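**Student:** my_file.cif is reproduced below (mmCIF, C-alpha atoms and all ligand atoms).
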data_data
#
loop_
_atom_site.group_PDB
_atom_site.id
_atom_site.type_symbol
_atom_site.label_atom_id
_atom_site.label_comp_id
_atom_site.auth_asym_id
_atom_site.auth_seq_id
_atom_site.Cartn_x
_atom_site.Cartn_y
_atom_site.Cartn_z
ATOM 1 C CA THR A 1 16.352 -23.624 -43.411
ATOM 2 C CA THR A 2 16.235 -23.577 -39.608
ATOM 3 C CA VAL A 3 17.926 -25.929 -37.173
ATOM 4 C CA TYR A 4 16.164 -26.192 -33.815
ATOM 5 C CA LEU A 5 18.105 -27.508 -30.816
ATOM 6 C CA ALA A 6 16.478 -29.259 -27.852
ATOM 7 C CA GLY A 7 18.619 -30.205 -24.852
ATOM 8 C CA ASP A 8 19.875 -29.246 -21.405
ATOM 9 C CA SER A 9 22.637 -27.123 -19.829
ATOM 10 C CA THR A 10 25.283 -28.962 -21.835
ATOM 11 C CA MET A 11 23.732 -27.471 -24.999
ATOM 12 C CA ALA A 12 22.045 -24.294 -23.761
ATOM 13 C CA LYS A 13 23.121 -20.676 -23.863
ATOM 14 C CA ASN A 14 24.953 -19.867 -20.612
ATOM 15 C CA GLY A 15 25.504 -23.523 -19.788
ATOM 16 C CA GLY A 16 25.165 -24.244 -16.073
ATOM 17 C CA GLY A 17 26.141 -20.699 -15.119
ATOM 18 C CA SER A 18 29.369 -19.411 -13.667
ATOM 19 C CA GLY A 19 31.149 -18.899 -16.961
ATOM 20 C CA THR A 20 30.154 -22.211 -18.583
ATOM 21 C CA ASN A 21 28.416 -22.486 -21.893
ATOM 22 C CA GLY A 22 26.531 -25.016 -23.978
ATOM 23 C CA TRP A 23 27.669 -26.566 -27.237
ATOM 24 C CA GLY A 24 24.666 -25.323 -29.191
ATOM 25 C CA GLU A 25 26.138 -21.801 -29.040
ATOM 26 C CA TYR A 26 29.078 -22.862 -31.226
ATOM 27 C CA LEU A 27 27.179 -24.518 -34.077
ATOM 28 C CA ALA A 28 25.884 -21.603 -36.144
ATOM 29 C CA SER A 29 29.378 -20.646 -37.278
ATOM 30 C CA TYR A 30 29.634 -23.970 -39.127
ATOM 31 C CA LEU A 31 26.154 -24.093 -40.705
ATOM 32 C CA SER A 32 24.510 -22.203 -43.555
ATOM 33 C CA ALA A 33 21.186 -22.476 -41.760
ATOM 34 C CA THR A 34 19.705 -20.400 -38.965
ATOM 35 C CA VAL A 35 20.176 -22.016 -35.530
ATOM 36 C CA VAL A 36 17.584 -21.645 -32.798
ATOM 37 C CA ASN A 37 18.935 -22.886 -29.471
ATOM 38 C CA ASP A 38 15.867 -24.043 -27.484
ATOM 39 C CA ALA A 39 17.927 -25.967 -24.913
ATOM 40 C CA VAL A 40 17.336 -25.050 -21.262
ATOM 41 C CA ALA A 41 19.336 -25.867 -18.140
ATOM 42 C CA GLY A 42 17.936 -28.525 -15.869
ATOM 43 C CA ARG A 43 15.626 -30.230 -18.315
ATOM 44 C CA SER A 44 15.113 -33.910 -19.039
ATOM 45 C CA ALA A 45 13.077 -35.578 -21.760
ATOM 46 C CA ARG A 46 10.191 -35.687 -19.283
ATOM 47 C CA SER A 47 10.347 -32.099 -18.105
ATOM 48 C CA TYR A 48 11.022 -30.667 -21.564
ATOM 49 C CA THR A 49 7.836 -32.452 -22.666
ATOM 50 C CA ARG A 50 5.760 -31.422 -19.628
ATOM 51 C CA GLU A 51 6.746 -27.765 -20.014
ATOM 52 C CA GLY A 52 5.485 -27.786 -23.579
ATOM 53 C CA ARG A 53 8.889 -27.173 -25.115
ATOM 54 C CA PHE A 54 8.680 -29.922 -27.733
ATOM 55 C CA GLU A 55 5.219 -28.627 -28.586
ATOM 56 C CA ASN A 56 6.625 -25.107 -28.980
ATOM 57 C CA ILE A 57 9.155 -26.361 -31.559
ATOM 58 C CA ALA A 58 6.377 -28.325 -33.280
ATOM 59 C CA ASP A 59 4.310 -25.172 -33.675
ATOM 60 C CA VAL A 60 7.015 -23.384 -35.616
ATOM 61 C CA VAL A 61 9.024 -26.069 -37.422
ATOM 62 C CA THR A 62 8.325 -26.452 -41.106
ATOM 63 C CA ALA A 63 9.154 -28.919 -43.831
ATOM 64 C CA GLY A 64 12.848 -29.214 -44.429
ATOM 65 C CA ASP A 65 13.913 -27.761 -41.066
ATOM 66 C CA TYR A 66 16.049 -29.854 -38.732
ATOM 67 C CA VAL A 67 15.485 -30.647 -35.088
ATOM 68 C CA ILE A 68 18.390 -31.966 -32.983
ATOM 69 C CA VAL A 69 17.394 -33.547 -29.696
ATOM 70 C CA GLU A 70 19.925 -34.465 -27.022
ATOM 71 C CA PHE A 71 18.934 -35.477 -23.477
ATOM 72 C CA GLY A 72 20.173 -37.835 -20.801
ATOM 73 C CA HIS A 73 22.174 -35.883 -18.206
ATOM 74 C CA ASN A 74 19.066 -35.147 -16.142
ATOM 75 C CA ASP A 75 16.993 -38.252 -16.932
ATOM 76 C CA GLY A 76 18.119 -40.619 -14.197
ATOM 77 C CA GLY A 77 17.580 -40.751 -10.452
ATOM 78 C CA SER A 78 14.858 -42.012 -8.186
ATOM 79 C CA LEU A 79 11.103 -41.427 -8.611
ATOM 80 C CA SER A 80 10.746 -42.128 -4.878
ATOM 81 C CA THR A 81 12.090 -38.586 -4.319
ATOM 82 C CA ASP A 82 10.680 -37.204 -7.547
ATOM 83 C CA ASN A 83 12.625 -34.167 -8.742
ATOM 84 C CA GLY A 84 10.342 -33.681 -11.766
ATOM 85 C CA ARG A 85 13.051 -34.800 -14.201
ATOM 86 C CA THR A 86 13.500 -38.570 -13.806
ATOM 87 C CA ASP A 87 11.839 -40.633 -16.562
ATOM 88 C CA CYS A 88 10.040 -43.905 -16.028
ATOM 89 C CA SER A 89 12.356 -46.915 -16.175
ATOM 90 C CA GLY A 90 12.336 -49.030 -19.284
ATOM 91 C CA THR A 91 12.735 -48.775 -22.993
ATOM 92 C CA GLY A 92 9.207 -49.026 -24.368
ATOM 93 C CA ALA A 93 5.629 -48.215 -23.523
ATOM 94 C CA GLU A 94 5.972 -48.470 -19.719
ATOM 95 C CA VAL A 95 4.179 -45.850 -17.656
ATOM 96 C CA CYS A 96 4.918 -44.509 -14.174
ATOM 97 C CA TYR A 97 2.754 -42.282 -12.006
ATOM 98 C CA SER A 98 4.039 -39.761 -9.507
ATOM 99 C CA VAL A 99 2.701 -36.661 -7.786
ATOM 100 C CA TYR A 100 4.900 -33.756 -8.745
ATOM 101 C CA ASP A 101 4.154 -29.997 -8.521
ATOM 102 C CA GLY A 102 0.512 -30.605 -7.654
ATOM 103 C CA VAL A 103 -0.342 -33.127 -10.330
ATOM 104 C CA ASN A 104 -0.507 -36.916 -10.498
ATOM 105 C CA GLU A 105 1.731 -37.036 -13.523
ATOM 106 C CA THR A 106 1.776 -39.773 -16.175
ATOM 107 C CA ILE A 107 5.483 -40.401 -16.799
ATOM 108 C CA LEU A 108 6.880 -42.127 -19.859
ATOM 109 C CA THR A 109 10.168 -43.806 -20.597
ATOM 110 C CA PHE A 110 13.087 -41.843 -22.045
ATOM 111 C CA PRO A 111 12.736 -43.486 -25.508
ATOM 112 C CA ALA A 112 8.985 -42.871 -25.564
ATOM 113 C CA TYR A 113 9.367 -39.157 -24.935
ATOM 114 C CA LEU A 114 11.909 -38.914 -27.732
ATOM 115 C CA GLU A 115 9.892 -41.072 -30.134
ATOM 116 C CA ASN A 116 6.774 -39.020 -29.494
ATOM 117 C CA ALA A 117 8.636 -35.765 -30.176
ATOM 118 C CA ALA A 118 10.181 -37.280 -33.302
ATOM 119 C CA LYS A 119 6.739 -38.279 -34.653
ATOM 120 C CA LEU A 120 5.346 -34.790 -34.082
ATOM 121 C CA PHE A 121 8.154 -33.219 -36.067
ATOM 122 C CA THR A 122 8.487 -35.833 -38.786
ATOM 123 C CA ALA A 123 4.808 -35.682 -39.731
ATOM 124 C CA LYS A 124 5.280 -31.972 -40.509
ATOM 125 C CA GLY A 125 8.227 -32.726 -42.768
ATOM 126 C CA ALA A 126 11.111 -31.894 -40.437
ATOM 127 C CA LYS A 127 14.330 -33.885 -40.330
ATOM 128 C CA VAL A 128 14.885 -35.159 -36.806
ATOM 129 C CA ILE A 129 18.284 -36.091 -35.435
ATOM 130 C CA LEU A 130 18.432 -37.791 -32.047
ATOM 131 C CA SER A 131 21.837 -37.445 -30.461
ATOM 132 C CA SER A 132 23.342 -39.228 -27.470
ATOM 133 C CA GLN A 133 24.230 -37.150 -24.437
ATOM 134 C CA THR A 134 27.670 -35.748 -23.898
ATOM 135 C CA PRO A 135 29.948 -37.311 -21.309
ATOM 136 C CA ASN A 136 30.678 -35.933 -17.894
ATOM 137 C CA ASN A 137 34.391 -35.289 -17.491
ATOM 138 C CA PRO A 138 36.017 -38.686 -18.194
ATOM 139 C CA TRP A 139 39.314 -37.531 -16.705
ATOM 140 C CA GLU A 140 37.862 -36.523 -13.296
ATOM 141 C CA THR A 141 39.902 -39.180 -11.543
ATOM 142 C CA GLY A 142 43.149 -38.529 -13.471
ATOM 143 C CA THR A 143 42.907 -41.453 -15.861
ATOM 144 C CA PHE A 144 40.427 -41.926 -18.691
ATOM 145 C CA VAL A 145 37.212 -43.762 -18.011
ATOM 146 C CA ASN A 146 34.680 -44.432 -20.866
ATOM 147 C CA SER A 147 31.480 -45.113 -19.046
ATOM 148 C CA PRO A 148 28.404 -44.507 -21.231
ATOM 149 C CA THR A 149 25.096 -44.071 -19.485
ATOM 150 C CA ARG A 150 22.039 -46.070 -20.368
ATOM 151 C CA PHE A 151 20.702 -43.010 -22.176
ATOM 152 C CA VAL A 152 23.294 -43.356 -24.924
ATOM 153 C CA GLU A 153 21.949 -46.715 -26.130
ATOM 154 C CA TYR A 154 18.399 -45.514 -25.440
ATOM 155 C CA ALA A 155 18.813 -42.600 -27.875
ATOM 156 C CA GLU A 156 20.008 -45.017 -30.554
ATOM 157 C CA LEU A 157 16.981 -47.291 -29.881
ATOM 158 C CA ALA A 158 14.598 -44.368 -30.009
ATOM 159 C CA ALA A 159 15.950 -43.289 -33.417
ATOM 160 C CA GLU A 160 15.561 -46.795 -34.799
ATOM 161 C CA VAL A 161 11.963 -47.103 -33.496
ATOM 162 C CA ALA A 162 10.960 -43.657 -34.731
ATOM 163 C CA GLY A 163 12.734 -44.081 -38.061
ATOM 164 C CA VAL A 164 14.890 -40.952 -37.748
ATOM 165 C CA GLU A 165 18.629 -40.269 -37.760
ATOM 166 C CA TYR A 166 20.988 -40.958 -34.872
ATOM 167 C CA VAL A 167 24.290 -39.263 -34.086
ATOM 168 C CA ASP A 168 26.509 -40.767 -31.410
ATOM 169 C CA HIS A 169 27.690 -37.513 -29.913
ATOM 170 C CA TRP A 170 28.775 -39.361 -26.756
ATOM 171 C CA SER A 171 31.346 -41.485 -28.540
ATOM 172 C CA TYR A 172 32.781 -38.677 -30.628
ATOM 173 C CA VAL A 173 33.223 -36.472 -27.584
ATOM 174 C CA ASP A 174 34.776 -39.229 -25.509
ATOM 175 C CA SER A 175 37.116 -40.135 -28.397
ATOM 176 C CA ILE A 176 38.522 -36.619 -28.627
ATOM 177 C CA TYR A 177 38.681 -36.229 -24.853
ATOM 178 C CA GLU A 178 40.796 -39.378 -24.663
ATOM 179 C CA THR A 179 43.293 -37.933 -27.105
ATOM 180 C CA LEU A 180 43.369 -34.437 -25.582
ATOM 181 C CA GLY A 181 44.531 -35.773 -22.235
ATOM 182 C CA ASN A 182 44.074 -35.247 -18.558
ATOM 183 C CA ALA A 183 45.227 -31.654 -18.152
ATOM 184 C CA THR A 184 43.436 -30.187 -21.113
ATOM 185 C CA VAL A 185 40.111 -31.937 -20.531
ATOM 186 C CA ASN A 186 40.083 -31.070 -16.835
ATOM 187 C CA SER A 187 40.471 -27.440 -17.880
ATOM 188 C CA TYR A 188 37.122 -27.667 -19.703
ATOM 189 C CA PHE A 189 35.276 -28.429 -16.435
ATOM 190 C CA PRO A 190 35.796 -25.371 -14.169
ATOM 191 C CA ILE A 191 33.171 -25.899 -11.441
ATOM 192 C CA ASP A 192 31.799 -29.427 -11.674
ATOM 193 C CA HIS A 193 32.115 -32.535 -13.856
ATOM 194 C CA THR A 194 29.265 -31.687 -16.218
ATOM 195 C CA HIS A 195 29.308 -28.108 -17.452
ATOM 196 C CA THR A 196 31.880 -27.090 -20.032
ATOM 197 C CA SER A 197 33.839 -23.892 -20.310
ATOM 198 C CA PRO A 198 33.563 -22.039 -23.631
ATOM 199 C CA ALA A 199 36.623 -23.893 -24.993
ATOM 200 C CA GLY A 200 35.126 -27.210 -23.981
ATOM 201 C CA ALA A 201 31.790 -26.287 -25.559
ATOM 202 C CA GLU A 202 33.570 -25.521 -28.810
ATOM 203 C CA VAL A 203 35.306 -28.926 -28.724
ATOM 204 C CA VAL A 204 31.968 -30.617 -27.987
ATOM 205 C CA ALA A 205 30.300 -28.807 -30.944
ATOM 206 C CA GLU A 206 33.165 -29.740 -33.245
ATOM 207 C CA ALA A 207 32.807 -33.361 -32.149
ATOM 208 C CA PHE A 208 29.095 -33.321 -33.083
ATOM 209 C CA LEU A 209 30.034 -32.082 -36.539
ATOM 210 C CA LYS A 210 32.782 -34.694 -36.882
ATOM 211 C CA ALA A 211 30.145 -37.299 -36.117
ATOM 212 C CA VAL A 212 27.817 -35.842 -38.749
ATOM 213 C CA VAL A 213 30.521 -35.932 -41.453
ATOM 214 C CA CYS A 214 31.704 -39.398 -40.541
ATOM 215 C CA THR A 215 28.235 -40.884 -40.341
ATOM 216 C CA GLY A 216 26.724 -39.117 -43.345
ATOM 217 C CA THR A 217 23.879 -37.510 -41.424
ATOM 218 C CA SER A 218 21.564 -35.339 -43.514
ATOM 219 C CA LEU A 219 22.751 -32.183 -41.768
ATOM 220 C CA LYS A 220 25.945 -32.502 -43.829
ATOM 221 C CA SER A 221 24.012 -30.594 -46.534
ATOM 222 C CA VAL A 222 24.244 -27.343 -44.552
ATOM 223 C CA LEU A 223 27.755 -27.748 -43.104
ATOM 224 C CA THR A 224 30.247 -25.090 -44.190
ATOM 225 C CA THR A 225 33.418 -27.104 -43.506
ATOM 226 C CA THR A 226 34.567 -30.608 -42.664
ATOM 227 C CA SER A 227 37.914 -29.552 -41.125
ATOM 228 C CA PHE A 228 37.710 -30.977 -37.608
ATOM 229 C CA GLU A 229 40.265 -33.014 -35.683
ATOM 230 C CA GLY A 230 39.749 -36.586 -34.521
ATOM 231 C CA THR A 231 38.894 -39.671 -36.502
ATOM 232 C CA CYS A 232 35.797 -41.485 -37.671
ATOM 233 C CA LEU A 233 34.648 -44.287 -35.375
HETATM 234 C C1 LIG B 1 45.246 -34.468 -14.136
HETATM 235 O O1 LIG B 1 45.156 -32.995 -14.414
HETATM 236 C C2 LIG B 1 44.867 -32.322 -13.191
HETATM 237 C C3 LIG B 1 44.446 -30.903 -13.498
HETATM 238 O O2 LIG B 1 45.453 -30.285 -14.266
HETATM 239 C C4 LIG B 1 46.134 -32.335 -12.353
HETATM 240 O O3 LIG B 1 45.816 -31.752 -11.076
HETATM 241 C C5 LIG B 1 46.444 -30.601 -10.736
HETATM 242 O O4 LIG B 1 47.862 -30.898 -10.465
HETATM 243 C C6 LIG B 1 48.525 -29.622 -10.203
HETATM 244 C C7 LIG B 1 49.996 -30.003 -10.031
HETATM 245 O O5 LIG B 1 50.134 -30.900 -8.929
HETATM 246 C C8 LIG B 1 47.981 -28.965 -8.988
HETATM 247 O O6 LIG B 1 48.570 -27.630 -8.847
HETATM 248 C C9 LIG B 1 49.130 -27.425 -7.588
HETATM 249 O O7 LIG B 1 48.033 -26.988 -6.752
HETATM 250 C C10 LIG B 1 48.422 -26.775 -5.333
HETATM 251 C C11 LIG B 1 47.194 -26.372 -4.599
HETATM 252 O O8 LIG B 1 46.287 -27.479 -4.656
HETATM 253 C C12 LIG B 1 45.203 -27.358 -3.762
HETATM 254 O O9 LIG B 1 44.421 -26.244 -4.138
HETATM 255 C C13 LIG B 1 43.826 -26.286 -5.471
HETATM 256 C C14 LIG B 1 43.034 -25.044 -5.666
HETATM 257 O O10 LIG B 1 42.001 -24.986 -4.680
HETATM 258 C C15 LIG B 1 41.141 -23.876 -4.841
HETATM 259 O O11 LIG B 1 40.540 -23.853 -6.109
HETATM 260 C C16 LIG B 1 39.758 -25.053 -6.422
HETATM 261 C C17 LIG B 1 39.234 -24.956 -7.815
HETATM 262 O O12 LIG B 1 38.361 -23.840 -7.922
HETATM 263 C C18 LIG B 1 38.674 -25.251 -5.361
HETATM 264 O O13 LIG B 1 38.050 -26.478 -5.627
HETATM 265 C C19 LIG B 1 39.244 -25.204 -4.000
HETATM 266 O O14 LIG B 1 38.179 -25.273 -3.010
HETATM 267 C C20 LIG B 1 40.113 -23.961 -3.732
HETATM 268 O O15 LIG B 1 39.381 -22.757 -3.738
HETATM 269 C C21 LIG B 1 42.914 -27.537 -5.555
HETATM 270 O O16 LIG B 1 42.415 -27.600 -6.885
HETATM 271 C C22 LIG B 1 43.714 -28.752 -5.234
HETATM 272 O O17 LIG B 1 42.757 -29.844 -5.162
HETATM 273 C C23 LIG B 1 43.235 -31.043 -5.715
HETATM 274 O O18 LIG B 1 44.050 -31.708 -4.768
HETATM 275 C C24 LIG B 1 43.431 -32.126 -3.480
HETATM 276 C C25 LIG B 1 44.420 -33.023 -2.737
HETATM 277 O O19 LIG B 1 45.699 -32.444 -2.740
HETATM 278 C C26 LIG B 1 42.242 -33.028 -3.873
HETATM 279 O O20 LIG B 1 41.543 -33.327 -2.670
HETATM 280 C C27 LIG B 1 41.302 -32.275 -4.751
HETATM 281 O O21 LIG B 1 40.254 -33.236 -5.063
HETATM 282 C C28 LIG B 1 42.012 -31.871 -6.066
HETATM 283 O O22 LIG B 1 42.425 -33.075 -6.709
HETATM 284 C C29 LIG B 1 44.432 -28.662 -3.856
HETATM 285 O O23 LIG B 1 43.406 -28.682 -2.872
HETATM 286 C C30 LIG B 1 49.472 -25.646 -5.356
HETATM 287 O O24 LIG B 1 49.926 -25.524 -4.001
HETATM 288 C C31 LIG B 1 50.619 -26.011 -6.229
HETATM 289 O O25 LIG B 1 51.584 -24.932 -6.248
HETATM 290 C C32 LIG B 1 50.202 -26.379 -7.679
HETATM 291 O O26 LIG B 1 49.651 -25.213 -8.308
HETATM 292 C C33 LIG B 1 46.468 -28.698 -9.045
HETATM 293 O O27 LIG B 1 45.946 -28.569 -7.696
HETATM 294 C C34 LIG B 1 45.825 -30.045 -9.463
HETATM 295 N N1 LIG B 1 44.384 -29.640 -9.816
HETATM 296 C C35 LIG B 1 43.386 -30.404 -9.659
HETATM 297 C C36 LIG B 1 42.004 -29.899 -10.263
HETATM 298 O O28 LIG B 1 43.548 -31.593 -9.222
HETATM 299 C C37 LIG B 1 46.391 -33.798 -11.929
HETATM 300 O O29 LIG B 1 47.642 -33.929 -11.233
HETATM 301 C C38 LIG B 1 46.396 -34.684 -13.162
HETATM 302 N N2 LIG B 1 46.078 -36.109 -12.551
HETATM 303 C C39 LIG B 1 46.883 -37.018 -12.924
HETATM 304 C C40 LIG B 1 46.676 -38.476 -12.328
HETATM 305 O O30 LIG B 1 47.901 -36.625 -13.569
HETATM 306 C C1 LIG B 2 -2.025 -41.494 -9.849
HETATM 307 O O1 LIG B 2 -2.863 -41.902 -11.017
HETATM 308 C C2 LIG B 2 -2.774 -43.333 -11.176
HETATM 309 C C3 LIG B 2 -3.491 -43.625 -12.484
HETATM 310 O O2 LIG B 2 -4.908 -43.460 -12.372
HETATM 311 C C4 LIG B 2 -3.305 -44.066 -9.989
HETATM 312 O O3 LIG B 2 -3.133 -45.503 -10.076
HETATM 313 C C5 LIG B 2 -2.500 -43.693 -8.714
HETATM 314 O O4 LIG B 2 -3.163 -44.183 -7.526
HETATM 315 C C6 LIG B 2 -2.571 -42.149 -8.604
HETATM 316 N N1 LIG B 2 -1.694 -41.775 -7.404
HETATM 317 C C7 LIG B 2 -2.060 -41.240 -6.319
HETATM 318 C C8 LIG B 2 -0.945 -41.186 -5.172
HETATM 319 O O5 LIG B 2 -3.281 -41.361 -5.979
#
Please express the file's structure as structure tokens.
Ligand SMILES: *[C@@H]1O[C@H](CO)[C@@H](O[C@@H]2O[C@H](CO)[C@@H](O[C@@H]3O[C@H](CO[C@H]4O[C@H](CO[C@H]5O[C@H](CO)[C@@H](O)[C@H](O)[C@@H]5O)[C@@H](O)[C@H](O[C@H]5O[C@H](CO)[C@@H](O)[C@H](O)[C@@H]5O)[C@@H]4O)[C@@H](O)[C@H](O)[C@@H]3O)[C@H](O)[C@H]2NC(C)=O)[C@H](O)[C@H]1NC(C)=O
Ligand SMILES: *[C@@H]1O[C@H](CO)[C@@H](O)[C@H](O)[C@H]1NC(C)=O
**Tutor:**
Amino acid sequence: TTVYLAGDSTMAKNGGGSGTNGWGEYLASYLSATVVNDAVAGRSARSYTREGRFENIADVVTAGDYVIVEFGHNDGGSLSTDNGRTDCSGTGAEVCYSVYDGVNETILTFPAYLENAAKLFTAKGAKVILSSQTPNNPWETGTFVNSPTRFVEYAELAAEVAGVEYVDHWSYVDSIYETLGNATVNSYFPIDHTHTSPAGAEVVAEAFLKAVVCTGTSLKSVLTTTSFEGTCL
């Protein structure tokens, strides 16, 4: 069995650079399956699609493999100054057009990109898990702020529409960050409020697996242990 990971610098090998790392690098130790980390820094649901990276997973995924998809950090902003990452606003079948990189691009909503990827994989027999984005440092200001982005609820919506599994990685990470406290969580964010140090990436991976165990996600079948701190939500 293979587990394919799709996401951004919060998941990817080498993180956002400068000594940071992504949570996907800490998962294989806890799974009896092979992990393929196809996350890449800087990507959004839009740009991951445009670059053919969902298609590349589709080519190689087979029945019974898992695909975990987690976007949101790079999906906001303004199409008026199109950075190639921002999705069209909305939750459904809305379309936006913008010239980017020499093309008048057709741009979908965040849920539509995820639903489309999910359909591709599901029709081949893969088990798709959509996961909400991780939080930026919720202790940046010295007290704890739980401020989910719109992309958290959008991932849940996309899973419901596509008929696949949802894991609320956001909430499980923010729950453990609240309990770890100001000093420790700030130490996970060495250069900015997004990219985690190796210790933080490990915590973030553990929180994904806590969510899986607590929610009963299908991936539980390949987990090697359930010994993770925190509580079920
Ligand atoms: C929540 O946890 C926080 C993190 O643990 C904790 O904040 C830390 O508190 C300790 C104790 O007071 C401070 O340690 C003291 O630091 C001063 C020197 O401080 C100044 O220099 C540091 C280092 O600057 C260099 O490195 C950083 C990081 O790479 C660069 O950004 C920077 O450009 C330099 O190269 C700097 O981090 C400090 O900055 C904080 O403070 C200034 C205002 O004073 C803010 O403007 C800034 O946003 C930031 O908050 C500061 O410029 C040293 O003289 C002492 O001996 C002692 O070592 C840590 O500085 C402080 N760290 C941070 C990240 O804040 C919070 O207190 C805690 N919050 C709550 C409400 O409890
Ligand atoms: C981009 O394509 C759309 C769809 O055909 C069109 O409405 C829009 O005018 C095009 N944009 C540019 C700036 O011409």
**Student:** Just need the box for range 174-193 of chain A, edges along x, y and z, holding every atom the file lists for it with 6 Å tacked onto each side, so centre and edge lengths in Å to one decimal, as lines of an AutoDock Vina configuration file.
**Tutor:**
center_x = 38.5
center_y = -32.8
center_z = -20.0
size_x = 25.4
size_y = 26.8
size_z = 29.2
**Student:** Going by the chain IDs and residue numbers used in this file, which residues fall under the PyMOL selection byres (((chain A and resi 24-41) around 6) and not hetatm)? Write them as a list in words.
**Tutor:**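 Residues picked by the PyMOL selection byres (((chain A and resi 24-41) around 6) and not hetatm): residues 1, 2, 3, 4, 5, 6, 7, 8, 9, 11, 12, 22, 23, 42, 43, 202, 222, 223 and 224 of chain A.
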**Student:** CA of residue 199 in chain A and CA of residue 74 in chain A are how many Å apart?
**Tutor:** 22.7 Å
**Student:** Hey, which of A:144, A:166, A:66, A:228 ends up closest to ligand LIG 1 (chain B)? Count all atoms listed in the file.
**Tutor:** A:144
**Student:** Find the residues around residue 127 in chain A up to 7 Å (all atoms listed in the file counted), leave out those fewer than 4 positions away in its own chain, and share them as a PyMOL selection string.
**Tutor:** chain A and resi 64-67+122
**Student:** From the list A:94, A:112, A:106, A:194, which residue is nearest residue 140 in chain A when using only C-alpha atoms?
**Tutor:**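 Smallest separation from residue 140 in chain A among the options: A:194.
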**Student:** I need the residue set behind the PyMOL selection byres (((chain A and resi 168-182) around 8) and not hetatm) for this file; please write it as a ChimeraX atom specification.
**Tutor:** /A:131-135,138-139,142-144,146,148,152,156,166-167,183-186,203-204,207-208,210-211,230,233
